[PDB]
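A short write-up of the structure that comes next.
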Amino acid sequence: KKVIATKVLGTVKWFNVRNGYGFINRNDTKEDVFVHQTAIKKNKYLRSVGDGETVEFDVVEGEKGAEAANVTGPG
RNA sequence: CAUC
């Protein structure tokens with residue numbers, strides 16, 4: 001829950017709506033960050049992102065490492 | 001709810 005970085009831009013690698021998670025590659029470090037559907041803010045699939053989309057997000061310390069939070073479009 |  002501790003915030004590591006804010007207003008990070010990245011590219012969605014993939015997001016699977018069946019399993020409800022995916023990964024975003026950070027543009028600043030080129031590292032993948034885990035993203036769960038509950039971390040995406042509301043837009044059927046009210047909380048989802050599309051493969052290849054640019055998004056903005058915070059990076060927080062989750063249970064099993066770094067994960068995205070507050071995922072929006074850029075701006 | 002960690003590379004589908």
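Numbered from 1 within each chain, the chains take letters A, B, ... in sequence-line order. Below, each value reflects all heavy atoms present in this structure, side chains not excepted, and no hydrogens, waters or symmetry copies.
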When clusters are formed from ILVMFWY side-chain contacts under 4.5 Å, directly or step by step, what else is grouped with A:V3? A:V60

Between A:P74 and A:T54, the two heavy atoms sitting closest are CD-O, 3.3 Å

Identify, residue by residue, the members of residues 18-27 of chain A with a heavy atom below 4.0 Å from RNA chain B, and return them in order of residue number, or none. A:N19, A:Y21, A:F23

Once you apply a heavy-atom cut-off of 4.0 Å, does A:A66 come out as touching a base, just sugar-phosphate, or nothing? base

Got a sec, which residues hit salt bridge (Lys or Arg N to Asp or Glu O under 4.0 Å) with A:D51, two or more places apart in sequence or on another chain? none

A:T11 side, atom OG1; A:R26 side, atom CZ - distance, nearest 0.5 Å: 12.5 Å

I'd like to know whether A:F57 forms a side chain to side chain contact (heavy atoms under 4.5 Å, CB included) with A:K7, so could you lay out the CA-CA distance, the side-chain angles of the two residues, the decisive distance to 0.1 Å, and finally the verdict. CA-CA 5 Å; A:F57 53 99; A:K7 299 181 191 178; over 6 Å; no

Positions of residues 41-58 of chain A (non-hydrogen atom under 4.0 Å from RNA chain B), listed by number: none

Answer with base, sugar-phosphate or nothing: what part of the nucleic acid does A:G62 contact at a heavy-atom distance below 4.0 Å? nothing

Heavy atoms, side chains only, cut-off 4.5 Å: are A:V71 and A:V49 in contact? yes

Output side-chain donor-acceptor pairs under 3.5 Å for residues 39-47 of chain A, partner residues at least two apart or in another chain, one line each.
unit_1: A:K41; atom_1: NZ; unit_2: A:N70; atom_2: O; d: 2.7
unit_1: A:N43; atom_1: ND2; unit_2: A:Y45; atom_2: O; d: 3.4
unit_1: A:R47; atom_1: NH1; unit_2: A:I40; atom_2: O; d: 2.7

With a 4.0 Å cut-off (strictly under) to non-hydrogen atoms of chain A, the first and last hit nts on RNA chain B, 5' to 3', are B:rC1 to B:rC4

Between the side chain of A:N16 and the main-chain N/O of A:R18, is any donor-acceptor distance below 3.5 Å? yes

Shared ILVMFWY cluster between A:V8 and A:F15, side chains joined below 4.5 angstrom? yes

Name the atoms and distances for all side-chain donor-acceptor pairs under 3.5 Å in residues 30-37 of chain A, with sequence neighbours left out.
unit_1: A:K30; atom_1: NZ; unit_2: A:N27; atom_2: O; d: 2.8
unit_1: A:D32; atom_1: OD1; unit_2: A:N25; atom_2: ND2; d: 2.9
unit_1: A:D32; atom_1: OD2; unit_2: A:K13; atom_2: NZ; d: 2.8
unit_1: A:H36; atom_1: ND1; unit_2: A:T38; atom_2: N; d: 3.2
unit_1: A:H36; atom_1: ND1; unit_2: A:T38; atom_2: OG1; d: 2.9

Taking side-chain contact (heavy atoms from CB on, under 4.5 Å) as the test, write out the residues that go with A:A66, two or more places apart. A:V59

Which salt bridge (charged side-chain N to carboxylate O under 4.0 Å, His left out) pairs, counting each pair once, include a residue from residues 54-75 of chain A, with sequence neighbours left out? none

Short of 4.0 Å, heavy atom to strand atom, which residues of residues 7-14 of chain A count as contacting RNA chain B? A:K13, A:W14

How far apart are the C-alpha atoms of A:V55 and A:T72, what are their side-chain angles, what is the distance that settles it, and do they pass the side chain to side chain contact (heavy atoms under 4.5 Å, CB included) test? CA-CA 6 Å; A:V55 292; A:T72 41; over 6 Å; no

